[PDB]
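Working notes, beginning with the structure itself.
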Amino acid sequence: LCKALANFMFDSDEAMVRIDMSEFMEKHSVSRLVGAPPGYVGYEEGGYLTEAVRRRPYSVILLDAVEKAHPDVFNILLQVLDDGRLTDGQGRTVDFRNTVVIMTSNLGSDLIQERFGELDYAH
Amino acid sequence: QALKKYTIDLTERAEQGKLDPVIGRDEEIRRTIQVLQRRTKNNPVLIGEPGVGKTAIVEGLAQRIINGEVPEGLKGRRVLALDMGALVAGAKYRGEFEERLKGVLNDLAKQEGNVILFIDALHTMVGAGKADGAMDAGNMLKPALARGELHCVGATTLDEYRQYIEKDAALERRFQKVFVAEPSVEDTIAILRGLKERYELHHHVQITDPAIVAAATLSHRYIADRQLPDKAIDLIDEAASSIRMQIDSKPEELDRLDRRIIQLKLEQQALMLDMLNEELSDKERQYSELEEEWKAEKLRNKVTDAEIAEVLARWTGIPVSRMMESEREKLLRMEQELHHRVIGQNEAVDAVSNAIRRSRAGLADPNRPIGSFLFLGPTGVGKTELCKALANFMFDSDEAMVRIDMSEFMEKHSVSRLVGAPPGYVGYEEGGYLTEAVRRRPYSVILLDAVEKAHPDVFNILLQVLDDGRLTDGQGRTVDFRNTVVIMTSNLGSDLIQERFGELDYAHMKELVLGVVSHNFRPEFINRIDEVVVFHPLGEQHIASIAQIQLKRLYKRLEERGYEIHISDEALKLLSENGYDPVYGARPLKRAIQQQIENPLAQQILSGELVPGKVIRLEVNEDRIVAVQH
Amino acid sequence: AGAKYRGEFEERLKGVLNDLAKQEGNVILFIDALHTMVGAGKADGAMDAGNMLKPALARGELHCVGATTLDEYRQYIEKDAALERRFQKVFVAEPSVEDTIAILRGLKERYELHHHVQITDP
Amino acid sequence: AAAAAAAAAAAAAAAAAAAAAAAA
Ligand SMILES: Nc1ncnc2c1ncn2[C@@H]1O[C@H](COP(=O)(O)OP(=O)(O)OP(O)(O)=S)[C@@H](O)[C@H]1O
Ligand SMILES: Nc1ncnc2c1ncn2[C@@H]1O[C@H](COP(=O)(O)OP(=O)(O)OP(O)(O)=S)[C@@H](O)[C@H]1O
């Protein structure tokens with residue numbers, strides 16, 4: 001579905017910010033998805049998310065399989081889905097407020113495959 | 001000009017007869033010709049790991065242009081090597097460098113496109129004299145590269161390409177990647193046949209074709225960092241150098257005895273208690289005899305495969321040299337030679353002697369390590385001593401071995417401290433303790449005493465070590481364990497082994513204790529181990545022999561203390577009766593010796609009683625054993 | 001030392017290399033602290049000594065002799081494989097006791113000439 | 001008649017180091 005959205009909107013499957021959230025299973029690959037703080041090794045190359053959105057403020061951000069991540073990456077996603085801005089390590093701020101932040105998961109797989117019969121959508 | 005002042009012609013060197021013969025490599029030189037005959041992007045880069053003939057691909061293309069073995073459009077192309085250090089080396093003032101480089105550009109444009117530029121070390125094109133006033137020679141070649149005006153042949157390494165070119169994206173698309181493969185073995189053989197002719201006519205020596213094919217196969221076999229056809233060539237040239245020193249001066253054994261007799265002459269001059277004149281007399285007599293034998297054949301004039309074995313054994317450490325008779329006759333007695341420090345336990349002594357003989361004879365499995373043993377025995381029957389005896393045979397040295405005792409590794413943690421921390425973590429740039437110290441000296445002994453104490457899923461590292469003998473530390477690299485002698489000692493069933501070594505044969509005991517180990521390990525691990533031996537405890541004869549050896553080392557310590565001491569033969573029986581317990585093996589014997597001998601001995605030496613040189617005997621009392629002065 | 005100007009180090013090192021080619025294969029070069037030669041002329045956009053010596057090494061036309069600690073070898077030369085294969089590893093082990101006694105018996109004369117005292121050989 | 005010399009301009013960088021933790 002996320003590929004269908006990007007291949008509708010931009011008419012390419014990979015024309016999207018794919019963020020594979022099962023690579024971020026350490027606490028400190030927030031350095032990858034946001035950037036290096038100053039003076040350190042790869043400082044003037046930003047993040048992947050923050051750079052690739054400040055290039056192109058209208059794009060679809062697929063955080064792929066969010067439930068595998070280390071749980072203090074959800075701080076960054078709290079700031080994103082709170083106000084659509086983010087403070088990368090180079091000090092600047094990003095305007096996320098024209099993006100579509102789609103995350104995926106499957107955390108009720110036994111439960112959904114159990115009770116999709118005999119239960120309505122609200123329950 | 002500028003091309004006269006900053007370039008060196010390669011085709012001049014090929015026509016003047018200076019460059020090497022360049023063999024093979026056919027598809028990549030065809031593909032370099034394909035990339036050089038384009039409209040835009042006339043720029044090949046020759047990527048390969050460092051040592052695989054990239055400079056040789058370029059110089060061979062130059063030789064093919066000289067010989068006219070090229071297509072028609074390449075005829076007459078002067079291939080020029082650019083010296084980038086020559087461009088950088090004078091621009092003290094601002095703007096001088098760019099004048100130099102743009103004069104180079106204008107002369108290349110005047111030469112009608114008839115000059116194939118070759119830049120060795122293309123990573124030295126970025127960072128060519130940039131400053132605050134940065135033009136860098138990267139941002140000057142770049143609109144001349146993209147418009148195909150400049151036929152720059154690059155030659156860069158692979159880890160340097162990612163660091164210095166793929167951190168500059170507008171330049172990385174100017175060039176085209178020719179992935180140079182490391183050759184095969186037979187291609188290396190052919191390359192060494194051409195270079196055989198070259199190094200023969202240089203070093204005035206002769207290289208037999210088995211010396212070439214031995215150098216190729218063995219350098220593929222026994223060197224972990226460097227690559228073919230570099231290390232093969234280096235073995236050939238160093239063997240030729242060693243033969244040139246043999247022919248010029250004298251053979252090596254003459255030099256060994258000559259330098260040792262001048263050494264001992266200096267030392268006996270320095271003795272002005274000795275025990276030196278015997279050794280000087282032996283060495284001078286043997287040097288005179290072998291000098292006369294050299295006069296009898298008045299040792300080589302060629303280069304053979306055993307010469308390559310001598311150089312490769314002096315290269316890494318691994319004993320590939322063919323057996324001299326002292327080494328081989330020492331090697332046949334290996335079962336006998338272990339029983340001067342490990343008396344008893346004939347099973348693994350014969351087994352390990354068989355293992356090292358399988359190594360030195362040449363029938364080892366060339367993909368699995370030599371020794372993959374699991375020693376099993378009760379507490380204190382010489383397992384650790386058998387391994388230290390192996391170190392003493394194999395390296396003339398007791399404490400020169402890799403002893404990584406699993407008795408620290410009681411958690412799943414310490415896998416890290418044997419294979420280093422993964423990147424970004426604390427001790428990343430220190431590597432593993434194990435893989436560093438096997439990357440230093442490959443031919444060694446890994447020792448794992450008390451192997452059952454560890455958390456049971458540490459051994460999966462040793463699944464790798466015994467499947468292939470390659471281990472991958474945190475810095476990604478492989479340290480090849482295919483000469484190491486992996487030994488593990490445990491006591492998983494030594495109650496059962498003290499209980500039933502009698503009244504059952506060795507076979508069913510190995511069967512039952514192997515069932516016990518199968519309860520304590522996994523079938524993955526124990527299927528890798530070659531021979532899992534069982535050790536028995538030590539009866540009275542072995543205890544007497546151990547008591548004799550420990551009193552030998554006691555007298556050996558006391559000789560530098562200066563007290564030659566005898567013993568009652570009855571006192572040996574008092575030590576045997578005072579050190580006998582079949583449940584703990586040999587150490588209660590040693591500490592009974594410690595007490596019941598050294599405490600009167602250190603009592604009487606510290607008493608101000610004993611003078612050196614006296615005949616001292618360990619006479620018994622009714623229960624004591626005392627030292628007497630005679 | 002004398003080069004904060006661009007190219008002044010490379011000037012010196014190329015002049016040295018042309019002199020060593022001029023000496024017709026008569027000069028043995030000894031370089032102590034080869035790991036100091038690695039990070040040698042590291043100025044911003046400058047060749048080190050590796051990028052300039054590295055031609056003349058593997059044409060055989062320089063007779064360098066390195067002398068480095070093994071821990072400096074890992075960090076400073078094994079990190080750069082190109083200059084790492086240009087040399088030939090010579091492991092120099094710590095000597096055993098008896099040979100060290102022999103060496104010290106050689107060096108007794110120097111200290112006797114220096115301090116004007118004698119030494120017991122025990 | 002002086003010519004402005006181009007400089008050498010030595011630079012600098014740093015590097016952090018993480019640390020994992022067991023969680024008993
Ligand atoms: N195919 C080949 N035919 C003939 N000689 C070869 C061939 N490949 C390599 N050589 C020789 O083997 C040696 C290879 O060394 P180089 O190729 O100069 O090292 P490299 O491959 O350039 O890697 P770098 O960049 O120098 S670290 C030289 O003596 C070459 O002449
Ligand atoms: N056959 C033997 N020959 C000579 N010394 C022996 C022999 N068996 C045991 N020893 C003595 O055993 C001592 C050390 O034995 P170890 O091998 O360390 O004990 P172990 O075999 O490792 O058993 P554990 O369970 O590890 S304590 C040394 O001080 C030796 O003197």
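Residues in the structure tokens are numbered from 1 in each chain, the chains being A, B, ... in the order shown, and ligands are numbered from 1 in the order shown.
Every residue of region 2-98 of chain A found in alpha helix (DSSP H) when DSSP is run on the backbone appears here: residues 2, 3, 4, 5, 6, 7, 8, 9, 30, 31, 32, 33, 49, 50, 51, 52, 53, 54, 55, 74, 75, 76, 77, 78, 79, 80, 81, 82 and 83 of chain A.
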Show me which bits of chain D are within 7 Å of chain B, counting only C-alpha atoms, as JSON, numbers by chain.
{"D": [3, 4, 5, 6, 7, 8, 17, 18, 19]}
Separation of CA of residue 429 (chain B) from CA of residue 35 (chain C) in Å:
16.5 Å
Could you tell me, counting only C-alpha atoms and all ligand atoms, which protein and nucleic acid residues lie no more than 7 Å from ligand 1, written as a tab-separated table (two decimals) with N, CA and C atoms, in the first residue's frame?
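Listing of selection-v4.tsv after writing:
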chain	number	residue	atom	x	y	z
B	20	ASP	N	58.14	-4.12	-17.58
B	20	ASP	CA	58.01	-5.55	-17.41
B	20	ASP	C	57.23	-6.16	-18.57
B	21	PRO	N	57.42	-7.45	-18.83
B	21	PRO	CA	56.47	-8.16	-19.69
B	21	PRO	C	55.16	-8.33	-18.94
B	22	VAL	N	54.06	-8.13	-19.65
B	22	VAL	CA	52.74	-8.15	-19.03
B	22	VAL	C	51.91	-9.22	-19.71
B	23	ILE	N	51.44	-10.17	-18.92
B	23	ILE	CA	50.91	-11.43	-19.40
B	23	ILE	C	49.46	-11.54	-18.99
B	24	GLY	N	48.64	-12.07	-19.89
B	24	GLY	CA	47.27	-12.35	-19.52
B	24	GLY	C	46.42	-11.09	-19.51
B	25	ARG	N	45.48	-11.05	-18.56
B	25	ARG	CA	44.70	-9.86	-18.23
B	25	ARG	C	43.86	-9.37	-19.41
B	49	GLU	N	42.04	-4.87	-5.56
B	49	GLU	CA	42.69	-4.90	-4.26
B	49	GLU	C	44.19	-4.68	-4.44
B	50	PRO	N	44.90	-4.13	-3.44
B	50	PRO	CA	46.28	-3.69	-3.71
B	50	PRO	C	47.28	-4.81	-3.93
B	51	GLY	N	47.66	-4.98	-5.20
B	51	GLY	CA	48.69	-5.93	-5.57
B	51	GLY	C	48.38	-6.78	-6.79
B	52	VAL	N	47.35	-6.47	-7.56
B	52	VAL	CA	46.86	-7.41	-8.56
B	52	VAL	C	47.14	-6.96	-9.99
B	53	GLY	N	48.09	-6.05	-10.21
B	53	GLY	CA	48.53	-5.78	-11.57
B	53	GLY	C	47.87	-4.62	-12.27
B	54	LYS	N	47.41	-3.62	-11.54
B	54	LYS	CA	46.72	-2.48	-12.14
B	54	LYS	C	47.72	-1.57	-12.86
B	55	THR	N	48.83	-1.26	-12.18
B	55	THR	CA	49.95	-0.63	-12.84
B	55	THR	C	50.49	-1.52	-13.95
B	56	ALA	N	50.40	-2.83	-13.79
B	56	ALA	CA	50.80	-3.73	-14.86
B	56	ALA	C	49.80	-3.76	-16.00
B	57	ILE	N	48.51	-3.54	-15.75
B	57	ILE	CA	47.56	-3.43	-16.86
B	57	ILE	C	47.88	-2.21	-17.70
B	121	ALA	N	47.47	6.32	-8.90
B	121	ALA	CA	46.98	6.77	-7.60
B	121	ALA	C	45.98	7.92	-7.76
B	155	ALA	N	44.11	4.66	-11.83
B	155	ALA	CA	44.54	3.42	-11.22
B	155	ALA	C	44.45	3.60	-9.72
B	156	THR	N	43.34	3.19	-9.14
B	156	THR	CA	43.19	3.38	-7.71
B	156	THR	C	42.84	2.07	-7.04
B	157	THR	N	43.10	2.04	-5.75
B	157	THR	CA	42.90	0.89	-4.90
B	157	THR	C	41.41	0.82	-4.57
B	191	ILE	N	52.20	-15.74	-15.31
B	191	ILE	CA	52.80	-14.45	-14.98
B	191	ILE	C	54.18	-14.65	-14.40
B	195	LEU	N	57.97	-13.41	-15.69
B	195	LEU	CA	58.83	-12.75	-14.73
B	195	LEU	C	59.95	-13.65	-14.23
B	229	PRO	N	49.32	-11.66	-7.88
B	229	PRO	CA	50.61	-12.27	-8.12
B	229	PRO	C	51.72	-11.46	-7.51
B	230	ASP	N	51.43	-10.77	-6.42
B	230	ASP	CA	52.46	-10.01	-5.72
B	230	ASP	C	53.36	-10.92	-4.89
B	233	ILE	N	55.67	-13.31	-6.64
B	233	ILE	CA	56.85	-12.64	-7.17
B	233	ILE	C	57.84	-12.35	-6.07
C	58	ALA	N	57.73	0.49	-5.11
C	58	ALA	CA	57.54	-0.73	-5.88
C	58	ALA	C	57.91	-0.56	-7.33
C	82	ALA	N	48.03	-0.05	0.96
C	82	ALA	CA	48.87	0.21	-0.20
C	82	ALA	C	50.33	0.33	0.20
C	83	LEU	N	50.63	1.22	1.14
C	83	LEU	CA	51.95	1.28	1.72
C	83	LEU	C	52.25	0.09	2.62
C	85	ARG	N	51.72	-3.10	1.83
C	85	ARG	CA	52.34	-4.19	1.08
C	85	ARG	C	53.65	-3.80	0.43
To check your reading of the model: which residues sit at most 10 Å from ligand 2 when counting only C-alpha atoms and all ligand atoms? Write the answer as an MDAnalysis selection string.
chainID B and resid 338:346 375:389 449:451 489:492 494 535:538 542:543 545:550 584:591
Could the residues in this selection be written to a file with N, CA and C atoms, as a short mmCIF file (atom, residue, chain, number, x, y, z; two decimals), in the first residue's frame?
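File produced: out-v3.cif:
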data_model
loop_
_atom_site.label_atom_id
_atom_site.label_comp_id
_atom_site.auth_asym_id
_atom_site.auth_seq_id
_atom_site.Cartn_x
_atom_site.Cartn_y
_atom_site.Cartn_z
N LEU B 338 57.72 -36.52 24.43
CA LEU B 338 56.76 -35.99 25.40
C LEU B 338 56.93 -36.62 26.77
N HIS B 339 57.43 -37.85 26.83
CA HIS B 339 57.54 -38.51 28.11
C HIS B 339 58.81 -38.14 28.87
N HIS B 340 59.41 -36.99 28.58
CA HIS B 340 60.36 -36.39 29.49
C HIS B 340 59.75 -35.26 30.29
N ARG B 341 58.50 -34.90 30.00
CA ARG B 341 57.75 -34.00 30.87
C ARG B 341 56.35 -34.47 31.19
N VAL B 342 55.77 -35.38 30.42
CA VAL B 342 54.48 -35.95 30.76
C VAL B 342 54.68 -37.45 30.79
N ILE B 343 54.87 -37.98 31.96
CA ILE B 343 55.01 -39.42 32.11
C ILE B 343 53.62 -40.01 32.29
N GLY B 344 53.39 -41.14 31.65
CA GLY B 344 52.06 -41.71 31.62
C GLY B 344 51.17 -41.00 30.61
N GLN B 345 49.91 -41.45 30.59
CA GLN B 345 48.87 -40.99 29.66
C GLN B 345 49.30 -41.17 28.21
N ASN B 346 49.54 -42.43 27.84
CA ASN B 346 50.07 -42.74 26.51
C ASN B 346 49.09 -42.46 25.39
N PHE B 375 40.77 -32.87 25.39
CA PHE B 375 41.32 -33.66 26.47
C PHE B 375 40.29 -33.79 27.57
N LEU B 376 40.23 -34.98 28.17
CA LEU B 376 39.37 -35.22 29.32
C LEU B 376 40.11 -36.03 30.36
N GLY B 377 40.20 -35.49 31.57
CA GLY B 377 40.83 -36.20 32.65
C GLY B 377 40.55 -35.63 34.02
N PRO B 378 40.83 -36.41 35.06
CA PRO B 378 40.59 -35.94 36.42
C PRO B 378 41.58 -34.87 36.80
N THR B 379 41.28 -34.22 37.91
CA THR B 379 41.93 -32.97 38.27
C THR B 379 43.39 -33.20 38.62
N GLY B 380 44.28 -32.75 37.74
CA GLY B 380 45.70 -32.90 37.97
C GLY B 380 46.28 -34.21 37.47
N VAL B 381 46.12 -34.49 36.17
CA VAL B 381 46.83 -35.61 35.55
C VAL B 381 47.56 -35.13 34.31
N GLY B 382 47.86 -33.83 34.24
CA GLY B 382 48.81 -33.34 33.28
C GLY B 382 48.26 -32.90 31.95
N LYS B 383 46.99 -32.51 31.89
CA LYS B 383 46.41 -32.01 30.66
C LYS B 383 47.08 -30.71 30.24
N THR B 384 47.07 -29.74 31.16
CA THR B 384 47.78 -28.48 30.96
C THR B 384 49.27 -28.71 30.79
N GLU B 385 49.82 -29.72 31.45
CA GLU B 385 51.22 -30.04 31.23
C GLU B 385 51.45 -30.69 29.88
N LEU B 386 50.49 -31.46 29.37
CA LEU B 386 50.66 -32.01 28.04
C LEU B 386 50.68 -30.91 27.00
N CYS B 387 49.84 -29.90 27.19
CA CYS B 387 49.82 -28.79 26.25
C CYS B 387 51.07 -27.93 26.37
N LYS B 388 51.56 -27.72 27.59
CA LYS B 388 52.80 -26.97 27.72
C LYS B 388 53.99 -27.77 27.24
N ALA B 389 53.91 -29.10 27.30
CA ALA B 389 54.94 -29.92 26.69
C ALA B 389 54.89 -29.81 25.18
N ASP B 449 41.93 -24.20 28.69
CA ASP B 449 41.85 -25.04 29.87
C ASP B 449 40.58 -24.69 30.63
N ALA B 450 40.02 -25.71 31.30
CA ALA B 450 38.75 -25.65 32.02
C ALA B 450 37.63 -25.17 31.09
N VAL B 451 37.34 -26.02 30.11
CA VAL B 451 36.53 -25.55 28.99
C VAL B 451 35.04 -25.65 29.28
N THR B 489 40.62 -28.77 27.27
CA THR B 489 40.71 -29.69 28.38
C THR B 489 39.55 -29.49 29.34
N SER B 490 38.91 -30.59 29.74
CA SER B 490 37.79 -30.54 30.65
C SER B 490 37.83 -31.75 31.58
N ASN B 491 36.87 -31.79 32.50
CA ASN B 491 36.70 -32.93 33.39
C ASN B 491 35.23 -33.24 33.62
N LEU B 492 34.46 -33.31 32.53
CA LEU B 492 33.00 -33.43 32.63
C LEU B 492 32.52 -34.69 33.32
N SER B 494 34.80 -36.86 35.50
CA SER B 494 35.98 -37.47 36.12
C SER B 494 35.67 -38.28 37.36
N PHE B 535 41.54 -39.35 30.04
CA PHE B 535 42.71 -39.55 30.89
C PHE B 535 42.33 -40.29 32.16
N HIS B 536 43.21 -41.15 32.59
CA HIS B 536 43.15 -41.92 33.81
C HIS B 536 44.01 -41.27 34.88
N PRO B 537 43.79 -41.59 36.15
CA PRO B 537 44.71 -41.09 37.18
C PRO B 537 46.06 -41.78 37.16
N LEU B 538 46.90 -41.48 38.14
CA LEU B 538 48.30 -41.87 38.10
C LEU B 538 48.63 -42.77 39.29
N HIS B 542 54.02 -43.73 38.26
CA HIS B 542 53.93 -42.41 37.66
C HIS B 542 54.21 -41.35 38.71
N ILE B 543 53.76 -41.60 39.94
CA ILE B 543 54.01 -40.69 41.04
C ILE B 543 55.49 -40.62 41.36
N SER B 545 57.95 -41.19 39.17
CA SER B 545 58.57 -40.45 38.07
C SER B 545 58.33 -38.95 38.19
N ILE B 546 57.12 -38.56 38.58
CA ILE B 546 56.80 -37.14 38.77
C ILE B 546 57.62 -36.56 39.91
N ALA B 547 57.77 -37.33 40.98
CA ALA B 547 58.60 -36.89 42.10
C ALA B 547 60.04 -36.71 41.67
N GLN B 548 60.54 -37.59 40.81
CA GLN B 548 61.90 -37.43 40.29
C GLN B 548 62.04 -36.18 39.43
N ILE B 549 61.04 -35.89 38.59
CA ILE B 549 61.15 -34.72 37.72
C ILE B 549 61.06 -33.43 38.52
N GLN B 550 60.21 -33.41 39.54
CA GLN B 550 60.11 -32.22 40.37
C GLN B 550 61.35 -32.03 41.23
N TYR B 584 43.12 -37.06 43.60
CA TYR B 584 43.55 -35.73 43.20
C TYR B 584 44.74 -35.74 42.26
N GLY B 585 45.23 -36.91 41.87
CA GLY B 585 46.32 -36.92 40.92
C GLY B 585 47.63 -36.48 41.53
N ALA B 586 48.32 -35.57 40.85
CA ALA B 586 49.73 -35.36 41.11
C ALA B 586 50.04 -34.14 41.95
N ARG B 587 49.12 -33.22 42.11
CA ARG B 587 49.46 -32.05 42.91
C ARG B 587 49.60 -32.26 44.42
N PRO B 588 48.84 -33.17 45.09
CA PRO B 588 49.18 -33.44 46.50
C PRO B 588 50.57 -33.99 46.70
N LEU B 589 51.06 -34.76 45.73
CA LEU B 589 52.46 -35.17 45.72
C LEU B 589 53.38 -33.96 45.73
N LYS B 590 53.10 -32.97 44.88
CA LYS B 590 53.96 -31.81 44.79
C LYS B 590 53.93 -30.97 46.06
N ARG B 591 52.75 -30.78 46.65
CA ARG B 591 52.77 -29.95 47.85
C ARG B 591 53.25 -30.71 49.08
#
By how many Å are CA of residue 567 (chain B) and CA of residue 603 (chain B) apart?
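Those two atoms sit 17.4 Å apart.
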For region 90-99 of chain A, find every residue with an atom within 8 Å (counting only C-alpha atoms), except residues of its own chain fewer than 5 positions away, and show them as an MDAnalysis selection string.
chainID A and resid 35:38 43:44 46 50 53:54 57:61 80 83:85
Can you pull out the residues contacting region 10-22 of chain C? Cut-off 7 Å, using only C-alpha atoms, and skip same-chain residues under 5 positions away; I want them as a VMD selection string.
(chain B and resid 85 88 to 90) or (chain C and resid 27)
Can I get the selected residues back with N, CA and C atoms, as a PDB file, in the first residue's frame?
ATOM      1  N   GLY B  85      52.671  14.831  -7.672  1.00  0.00           N
ATOM      2  CA  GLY B  85      53.592  15.483  -6.762  1.00  0.00           C
ATOM      3  C   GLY B  85      54.453  16.518  -7.451  1.00  0.00           C
ATOM      4  N   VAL B  88      52.245  19.602  -7.547  1.00  0.00           N
ATOM      5  CA  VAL B  88      52.048  20.272  -6.267  1.00  0.00           C
ATOM      6  C   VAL B  88      53.335  20.922  -5.777  1.00  0.00           C
ATOM      7  N   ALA B  89      54.493  20.346  -6.094  1.00  0.00           N
ATOM      8  CA  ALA B  89      55.742  20.648  -5.385  1.00  0.00           C
ATOM      9  C   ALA B  89      56.277  22.037  -5.599  1.00  0.00           C
ATOM     10  N   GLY B  90      55.654  23.024  -6.224  1.00  0.00           N
ATOM     11  CA  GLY B  90      56.287  24.322  -6.286  1.00  0.00           C
ATOM     12  C   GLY B  90      55.378  25.491  -5.992  1.00  0.00           C
TER      13      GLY B  90
ATOM     14  N   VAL C  27      72.907   4.275  -2.123  1.00  0.00           N
ATOM     15  CA  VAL C  27      72.446   4.734  -0.824  1.00  0.00           C
ATOM     16  C   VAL C  27      71.403   3.765  -0.303  1.00  0.00           C
TER      17      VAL C  27
END
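Proximity to chain B at a cut-off of 12 Å picks out residues 26, 28, 29, 31, 41, 42, 44 and 45 of chain A on chain A, counting only C-alpha atoms.
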Using N, CA and C atoms, can you write the selected residues to a file as a PDB file, in the first residue's frame?
ATOM      1  N   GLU A  26      19.529  -0.374  17.844  1.00  0.00           N
ATOM      2  CA  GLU A  26      20.301   0.219  18.910  1.00  0.00           C
ATOM      3  C   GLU A  26      19.647   1.524  19.323  1.00  0.00           C
ATOM      4  N   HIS A  28      21.309   4.208  19.467  1.00  0.00           N
ATOM      5  CA  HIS A  28      22.089   5.305  18.926  1.00  0.00           C
ATOM      6  C   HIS A  28      22.236   5.252  17.410  1.00  0.00           C
ATOM      7  N   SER A  29      21.285   4.652  16.707  1.00  0.00           N
ATOM      8  CA  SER A  29      21.178   4.901  15.279  1.00  0.00           C
ATOM      9  C   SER A  29      20.142   5.968  14.970  1.00  0.00           C
ATOM     10  N   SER A  31      21.368   8.690  15.438  1.00  0.00           N
ATOM     11  CA  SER A  31      22.419   9.381  14.704  1.00  0.00           C
ATOM     12  C   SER A  31      22.314   9.165  13.201  1.00  0.00           C
ATOM     13  N   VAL A  41      32.253  12.547  13.232  1.00  0.00           N
ATOM     14  CA  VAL A  41      32.988  11.963  12.116  1.00  0.00           C
ATOM     15  C   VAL A  41      32.352  12.342  10.785  1.00  0.00           C
ATOM     16  N   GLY A  42      31.059  12.095  10.642  1.00  0.00           N
ATOM     17  CA  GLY A  42      30.372  12.399   9.406  1.00  0.00           C
ATOM     18  C   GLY A  42      29.423  13.564   9.514  1.00  0.00           C
ATOM     19  N   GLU A  44      29.025  16.673   8.361  1.00  0.00           N
ATOM     20  CA  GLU A  44      28.437  17.517   7.332  1.00  0.00           C
ATOM     21  C   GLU A  44      27.771  16.702   6.256  1.00  0.00           C
ATOM     22  N   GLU A  45      27.096  15.621   6.658  1.00  0.00           N
ATOM     23  CA  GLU A  45      26.279  14.825   5.756  1.00  0.00           C
ATOM     24  C   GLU A  45      24.872  14.580   6.278  1.00  0.00           C
TER      25      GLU A  45
END
